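Protein chains in written order, with the entry's author numbering: chain D, 1 to 331; chain B, 1 to 331; chain A, 1 to 331. All C-beta atoms in this analysis are idealised placements derived from N, C-alpha and C, irrespective of residue type, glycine included. Step one of this worksheet: look at the structure below.
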Amino acid sequence: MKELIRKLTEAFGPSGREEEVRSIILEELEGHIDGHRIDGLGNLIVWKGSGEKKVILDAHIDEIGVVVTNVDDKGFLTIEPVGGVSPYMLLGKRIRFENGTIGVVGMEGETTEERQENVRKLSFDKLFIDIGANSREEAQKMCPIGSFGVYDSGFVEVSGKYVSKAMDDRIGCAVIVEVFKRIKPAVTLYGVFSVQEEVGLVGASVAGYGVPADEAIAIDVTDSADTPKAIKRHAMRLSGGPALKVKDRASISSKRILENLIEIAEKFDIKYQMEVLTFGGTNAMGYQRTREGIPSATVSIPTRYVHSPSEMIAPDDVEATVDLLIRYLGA
Amino acid sequence: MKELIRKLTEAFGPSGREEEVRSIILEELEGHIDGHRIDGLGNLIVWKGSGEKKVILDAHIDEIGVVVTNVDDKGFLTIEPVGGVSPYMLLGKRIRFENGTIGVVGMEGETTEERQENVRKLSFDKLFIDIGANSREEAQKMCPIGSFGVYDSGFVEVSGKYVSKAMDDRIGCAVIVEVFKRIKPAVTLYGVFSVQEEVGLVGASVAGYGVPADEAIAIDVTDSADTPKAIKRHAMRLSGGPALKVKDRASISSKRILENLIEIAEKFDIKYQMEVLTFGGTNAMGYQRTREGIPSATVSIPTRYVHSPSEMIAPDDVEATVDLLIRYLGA
Amino acid sequence: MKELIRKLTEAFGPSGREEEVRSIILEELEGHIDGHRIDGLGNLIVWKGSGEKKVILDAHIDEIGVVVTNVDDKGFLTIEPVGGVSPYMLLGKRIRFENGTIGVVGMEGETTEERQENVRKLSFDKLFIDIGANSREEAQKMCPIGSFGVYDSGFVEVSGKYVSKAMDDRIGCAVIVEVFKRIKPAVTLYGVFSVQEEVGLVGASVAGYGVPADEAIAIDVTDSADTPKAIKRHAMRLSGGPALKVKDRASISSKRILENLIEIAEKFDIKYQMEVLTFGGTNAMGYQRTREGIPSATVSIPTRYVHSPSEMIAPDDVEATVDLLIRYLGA
Ligand SMILES: [Co+2]
Ligand SMILES: [Co+2]
Ligand SMILES: [Co+2]
Ligand SMILES: [O-]
Ligand SMILES: [Zn+2]
Ligand SMILES: [Zn+2]
Ligand SMILES: [Zn+2]
C-alpha cells in the first residue's frame, strides 16, 4: 500500500480541479470493480457486488490549496486559499501549480517593524507568489488569475511513519481502493471518490442522490493529538487503530453503525479507538442529508499535522481500517 | 397537559440519542394516530386524517447536552457541548448520563489567579466531570469516551409558571401531542418529531422528503424578553400567546401561513403576538429547503432562560397554541 | 452515618437562619448528652462526661446562601450573598427560600454583547431571581426583602463518594454528633454547634465564653486539591484521612494539640494528613481569642468543590475523623 499512498498523495488535486487524482484512482481500481460513472460535479462512483444491503464508502479526492486572485505590474501573484490552508503554512514554502509552474511564497513588509507586525497577524493579503516573471504580461501567460496550486511537497517514510501532503484525504482514498482490491462483497459496495469536500462538502452532498444506499461510511483523517501539548480534549492517537467518530461539528454518526463496527473489531481482534472531534466536519454530513436521509458514520485515520505539507499517519492504522471494513462488508 | 410536560422534559434525549423521548411520544399517541413510521435517522413521523390539504407539524425531540471526549489517569472526564450549551451553565452543576451515572462539573485552575482568569473567559477546555472514579480504567468502564449526558434538572411549578430542562423543545412536542389527542382533522395531519435540531437542523432537513406536505409549521421556543434588562430588540413575552415568527436567522416564515393563522386567532379570540428573533433558527428552514420547497412557518412558545437547566414557560401560552392549531387544522 | 449526612446537608440553614439545623441536631443527640443550652446568638452548646480536662468540639451549623435585597415593578428579586457564594455558582441555578419558594437565577444583558461582557465580570448587580410573580406586590407577599435562601440541591452518592450542598459544615456537624453517640468520654466533652461562621466566625467568637475549656478543636472542611489542575500549593486529598491543620489565614493550630492527635493516629493506625491552607479560616480563631485564650486546633474533612451546590467528600475520611476524636477524647 506504500506505493499507492505515495502516488495518491503526490498527485495534483485541489478542490475543483481533482481530475488527475480521479484518473489515478480509476487506473488502480480497474479489474476490481464491476462498473463506474462520473457525475456532473466530477464525483467518481464505482461499485462491486450484488448483495441486498447497499453500502457507500466515501473518501474525498480534493486537497486544500490556493488559487491566483490577482497579478501586479512586476509579475507577482496574489492568492486566495482553497479550503482551510493557514497562511503560516505557506511562508517560505513553494507552490506547485496545475500547469507545472513552481512559485515561491513571500511576505510583504516595507520596514523591519512592519514585517514583525505582519507575521504577528498574518493574512493572505500580506502574501505574494514569485513565479520568476518580470512583468504582468509575462505572469499572465504563465499563471493567470484562476490558476490553482498545491503545496510543493511529497511523500517520505519517517522511521516507520508515512509523511506527505494531502494525507487528508488521499489516505482515505487509498483505504477504499485497497478494500475494493481485496474484498469479496456480501453487500452491493459503492465507492464514492467525491469532489470539493474542503470547500463545503459539495461533492458528497449530491453523490448519494442517485445511489440507493442503506448506509454510508465516510473515511477521512482526524486529529492525532499525541504530540507535545496537543489538543487536550482529543483522545485520538497514532497506532490506536481506526477511530470511530461519535461526533464532530458536522455530524453525529449513526449509533447502530458505530455499534456494528465495534462488534466487528472486537470479534476479529482489530484495535480501534473512539473519537470526539471538537472542530471540523466530514462528508458523512452530506449523505445524512441526502433525500430521506442515509444513515451515516465516519471512520477516521489518526493524522498528525493536518492541513500542513507534512501530514503524518501510522501505516498499521491504515491496514487495520482496511481490515475492519472488509470484515464488516465482505462475504 | 402538566403531567405530559413533566414526563417529556425530564426524559433523556440529547442530540443523536433521542430514543427515550421518541418512545414516550409514541406511547402517548396510542389511540390518537392512524399510523407512524421511524426513518433511518430516527425521525418519528405520525399521521391522522385524510383531508386534501396535507400539513406537517414539527417539533424536535433532542435537547442540548454534553458528550465525553477524554478521560485522564485519575478518572476525571472532559466534555464537548452537544448543541448550544454555555460552559457558564455547567459550573457547579450535575450532569446525568445515558447510563444513569451522575457527574459533577468542576473547573481547572492551579492558583487563585488562574481560577479568576479562567472564569473570565470560560471554555470547555477548563471544565472536567467527576463521576467518582479513582482511575482511568474505572472511569472507562463507567462512562467512556462518547457517552452522552444532559442537565441533572427536572420539572417544577413556580407560582403558576412551569420550569424544567428541555422546554426547548419538549414543550413543542407536548403541544403537538395534545393537538393529536384532541383534534378531528380537516387536513391530513402529519406530526414529525425530529432528531438533531440542536446540531444543525439535521432531522428536519430530511423528514419532509417522503411526506407530501402542502405546508409545514414548526413549533419551537423563542426568547421571552420580559426579564430585567432582557434583549431589547425582542418583543416576545410570557402570556402574550403563541408567537408568530416573521423571521429569525434561519428562515422567513411564509406570509400566507402567518396570515392564515392571524385570521384564525382573530376569528376565535385567541391571544397571539408577532416575533422577530435576532439570533437562532428552527426546523422550518429544513422543510423550506426540501425537494421543490415546502412553504413553512414557525409558531413559538415564549420561554425565559433558554438553554439553561431552568427554562420557563406560561401554561396559558401553551394552551392557546394548541387552540390555535386545532382551530386552523380541525373540522 | 449516611442518613444523618443526608438529613443535615439537605436541611435549610443559611447564616443567621439556622434554626432547622439546630433542631435536627438536638433531636439526634437525645439520649447521648447530659444537658444543653442555646445562647443568645443561637449557638447550641451540649455536654457529656465529667473529666478534669474540658474540650470543645465545634462545627458550624450555617451554610452559605443569599438574601433578597430589593424587588422590582415586575416582581423580580435582587439578592446579596450570605457568606462566600460566587455569582458564577448561581447562573441558571435554582434557590430554595426559607418559606419553601423556589426561584430561578437569571442574568441581565440588553444585547448579546452586554451579556458577554457581563459574564466576563459577573457580579450580583447583574443577577436577578424569578419566583413566578407578575408584580412587585405579588413578589413582596411571596418573598420580601430580607428573605433568605440556599442552593436548591440535595444529597447523592456518586460511586462511593457523597455529594451534597453544605458539606461545609454539615459534615463536621455529623462527625461531632457521631462522636457523642459512640463515645465514653474521658474528658468533659462540650459540643458547640455554632452559628454564623460563614459571615465572620460570629457564633464561635462567643460560644466559648461561658465554657471552661482547656482545649477547642474545630471540625470543618478543607480543600481537597486532587482534581485536574487543582490548587498546586495544597496537599490535602480525598481518602488521605483527617487533615490536621497547621495553619490557614485565620489561625495557626496549637502545636501541642496537633502532636497529641498525631500520637493518637499513630497508636491506633488511623490514616491522617497534614494541612496548610493558603486562604480561608475556621472557628478555631474564635476560641483562640476567647477570654485569656483557649488553645485551639482544626481537624478538617477534605472536600472537593467547596462552596458549590455539589461539595464532595470520601466517607472513609469522615469515619477516620470520628475514630480519631473518640480515641483522643474517650476512655
Ligand atoms: Co481537510
Ligand atoms: Co435549542
Ligand atoms: Co464555608
Ligand atoms: O477534511
Ligand atoms: Zn478530509
Ligand atoms: Zn428548539
Ligand atoms: Zn466551614
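Return the chain-ordered list of same chain residues with a C-beta closer than 6 Å to the C-beta of residue i, the five sequence neighbours on each side being excluded.
i: B/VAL85; result: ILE64
i: D/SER153; result: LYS165 and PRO309
i: A/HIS32; result: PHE180 and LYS181
i: D/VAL21; result: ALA11, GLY13 and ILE61
i: A/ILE294; result: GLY208, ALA213, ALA216 and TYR287
i: D/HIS234; result: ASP223 and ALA225
i: B/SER15; result: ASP62, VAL82, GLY83, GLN196, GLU198 and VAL199
i: A/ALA250; result: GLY281 and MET285
i: D/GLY109; result: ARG115 and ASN118
i: B/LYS247; result: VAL276
i: B/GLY172; result: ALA59, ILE219 and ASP220
If you draw a straight line from the alpha carbon of residue i to that of residue j, how long is it in whole angstroms?
i: B/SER164; j: A/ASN134; result: 19 Å
i: D/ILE38; j: D/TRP47; result: 12 Å
i: A/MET107; j: A/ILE5; result: 33 Å
i: D/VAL68; j: D/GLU98; result: 11 Å
i: B/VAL211; j: B/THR303; result: 30 Å
i: A/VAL105; j: B/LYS229; result: 14 Å
i: A/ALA314; j: B/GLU117; result: 29 Å
i: D/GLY146; j: B/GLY203; result: 38 Å
i: D/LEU8; j: D/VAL175; result: 11 Å
i: D/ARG96; j: D/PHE193; result: 23 Å
i: D/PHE279; j: A/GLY200; result: 47 Å
i: A/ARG94; j: A/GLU28; result: 29 Å
i: A/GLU157; j: B/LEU57; result: 42 Å
i: D/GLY42; j: B/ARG120; result: 48 Å
Put residue i into one of helix, strand or coil per three-state DSSP.
i: D/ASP269; result: coil
i: B/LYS255; result: helix
i: A/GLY286; result: helix
i: B/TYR305; result: coil
i: A/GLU98; result: coil
i: A/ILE231; result: coil
i: B/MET312; result: strand
i: B/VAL82; result: strand
i: B/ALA250; result: coil
i: A/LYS121; result: coil
i: B/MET236; result: coil
i: B/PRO144; result: coil
i: D/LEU91; result: coil
i: B/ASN260; result: helix
i: B/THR278; result: coil
i: D/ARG291; result: coil
DSSP puts residue i in a beta bridge; with which residues?
i: D/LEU127; result: D/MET107
i: D/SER296; result: D/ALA216
i: D/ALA243; result: D/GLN273 and D/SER300
i: A/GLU63; result: A/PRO14
i: A/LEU77; result: A/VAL71 and A/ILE129
i: A/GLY149; result: A/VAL66 and A/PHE97
i: D/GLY330; result: D/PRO185
What does a CB cutoff of less than 8 Å around residue i pick up in its chain, not counting 5 residues either side in sequence?
i: B/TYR328; result: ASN260, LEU261 and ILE264
i: B/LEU238; result: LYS161, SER224, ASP226, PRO302, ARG304, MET312, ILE313, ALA314 and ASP317
i: D/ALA186; result: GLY49, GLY51, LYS53, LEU329, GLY330 and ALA331
i: A/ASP73; result: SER135 and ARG136
Near residue i, what residues of its chain come up, given a Cβ to Cβ distance below 7 Å and the 5 sequence neighbours on each side ignored?
i: B/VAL306; result: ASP168, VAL221 and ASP223
i: B/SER254; result: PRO295, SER296 and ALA297
i: B/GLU292; result: none
i: B/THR290; result: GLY208 and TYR209
Query raised in the report: Unbroken beta strand (DSSP E) runs of length 3 or more, entirely within the region 157-227 of chain B: which are they?
Result: Within the region 157-227 of chain B, the complete beta strand (DSSP E) runs of at least 3 residues are 161-164, 188-194 and 215-223.
Query - Every unbroken beta strand (DSSP E) within the region 13-59 of chain A, with a cutoff of 3 residues, ordered by chain - result: 35-38 and 44-48
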